[PDB]
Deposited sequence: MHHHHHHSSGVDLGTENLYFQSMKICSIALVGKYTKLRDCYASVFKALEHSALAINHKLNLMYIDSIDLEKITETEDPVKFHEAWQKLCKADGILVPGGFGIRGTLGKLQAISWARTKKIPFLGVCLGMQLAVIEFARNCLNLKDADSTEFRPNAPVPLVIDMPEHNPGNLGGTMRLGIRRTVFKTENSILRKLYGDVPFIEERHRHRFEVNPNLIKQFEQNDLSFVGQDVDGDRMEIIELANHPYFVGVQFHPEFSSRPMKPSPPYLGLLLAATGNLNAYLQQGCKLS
């Protein structure tokens, strides 16, 4: 039999059909390192204060799942829905050193959470949700419509866990679906703190990969890396998650 790795998926639901690629990419990585995947699904809303007040049994069910997780994933579903609970899950993974991966909106929320609790900009927000937000950290930046199809992402440095997992290539190609980006006006406030923008679009206007220093594996990604995962080449961001979740990251 096989050793179990438990991953918490913090989204909208059990397995529903739109998580199909995410599941497959997680399976390839688990099988690759010889573990049975135990995917625990959390409805983001269940982690929030509101649910403690109104449905405490559910709240504690959700928090027990998050707390026993070897690794944590915030996939790139869309919506204002359960945004608050996703932020709670990201703080947990950050402060408690749990391996973490944020895809698309997941990356954007990790950026916000970091500004809020490590850079102390308490009102940092996304204009997707409050269009008039006083501290517009995440903004509407469309290609003059949405950034779509297979696109290039270029590494900005050689000290990067994702670069290494991707085989030391100076650039990668993945599938995109996003128009809300990190605000270039606020990038400077991140210097000499632990969160780095490690990846960029070709134009250099969009931050698309983030990594956190002094954490075993805390990775954010703007594109959807599931869409090129395969059994003999697991999507590297997902493979990193599983490697870290089982303590095998160095060895590889």
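Comparing the deposited sequence with the modelled residues shows gaps at 1 to 21, 35, 167 to 173, 282 to 289, with numbering starting at 1.
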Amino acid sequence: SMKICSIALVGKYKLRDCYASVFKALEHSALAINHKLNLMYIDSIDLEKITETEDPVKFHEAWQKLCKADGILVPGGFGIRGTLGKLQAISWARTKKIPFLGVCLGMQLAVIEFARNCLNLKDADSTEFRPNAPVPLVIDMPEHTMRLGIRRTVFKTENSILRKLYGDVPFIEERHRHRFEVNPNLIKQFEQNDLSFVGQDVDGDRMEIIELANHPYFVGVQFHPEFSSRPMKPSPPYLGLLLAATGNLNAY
From here on, numbers count along this sequence of modelled residues.
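As recorded in the PDB entry, 115 to 123 is the stretch of 100 to 108 and 115 to 123 with the greater mean C-alpha temperature factor. Annotation for 151 to 159 versus 85 to 93: the higher mean temperature factor (C-alpha) is found in 151 to 159.
As recorded in the PDB entry, 190 shows the highest C-alpha B-factor of the residues 190, 217, 223, 227. You'll see in the entry that, of 15, 9, 242, 22, the Cα B factor peaks at 15. In this PDB entry, residue 34 carries a Cα temperature factor that places it within the highest third of its chain's modelled residues. Residue-level temperature factors show residue 131 in the highest third of its chain, judged at the C-alpha atom.
Sorting the modelled residues of the chain by their CA temperature factor places residue 205 in the middle third.
Among the modelled residues of its chain, residue 77 has a C-alpha B-factor that falls in the middle third according to the deposited record. For residue 194, the recorded CA B-factor ranks within the highest third of the chain. Only modelled residues enter the ranking.
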